[PDB]
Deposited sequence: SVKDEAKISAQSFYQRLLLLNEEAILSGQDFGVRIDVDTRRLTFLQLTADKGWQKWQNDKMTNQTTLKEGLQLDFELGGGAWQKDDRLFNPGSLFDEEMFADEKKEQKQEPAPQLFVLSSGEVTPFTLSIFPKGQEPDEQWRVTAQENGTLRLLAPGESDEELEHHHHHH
């Protein structure tokens, strides 16, 4: 069911975030996660001096995931408000093609082991983001997967 999907999607994010935190610490390089609430996408990025933020091409994990239809995602930075607006959809984000330089991650996963404080929640369409399957960090890199409630 969609609730079962939400769990699996939260475990997938947790595993990927842990992996990137581990990669940063072992490699001395900085990584990041870009969350796109309107397209329900998470992209896993590496910072290089010569090309800035790029998708991380690697032999451990895919670098972009998109939620299955029927799931939503949302996120908070630090103590702040949920990021997603109330619209059912962003009229501009429906278009696969440009209508009118990899965008920077909101979550930094630094070589020091520090991670941007945040909460990402994943939940069935029709529900609010609060008290859902969620992954949270704090600044020191401590990271939690939390069940609804």
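- Missing from the model, relative to the deposited sequence, are the ranges 101 to 108, 158 to 170.
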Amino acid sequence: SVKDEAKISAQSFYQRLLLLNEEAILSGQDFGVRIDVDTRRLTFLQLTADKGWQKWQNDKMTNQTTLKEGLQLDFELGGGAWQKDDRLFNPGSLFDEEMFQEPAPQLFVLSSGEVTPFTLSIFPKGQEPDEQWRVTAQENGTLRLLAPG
From here on, numbers count along this sequence of modelled residues.
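- Two stretches are in play, 85 to 93 and 30 to 38, and the higher mean C-alpha B-factor belongs to 85 to 93.
- Of the two segments, 47 to 55 and 115 to 123, the one listed with the higher mean B-factor is 47 to 55 (C-alpha atoms only).
- When the modelled residues of the chain are ordered by their C-alpha B factor, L107 lands in the lowest third.
- Sort the chain's modelled residues by C-alpha temperature factor and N21 lands in the lowest third, per the entry.
- For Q138, the recorded CA temperature factor ranks within the highest third of the chain's modelled residues.
- Per the PDB record, residue ranking by Cα B-factor puts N63 in the lowest third of the chain.
- Among the modelled residues of its chain, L145 has a C-alpha B-factor that falls in the middle third, as given in the PDB entry.
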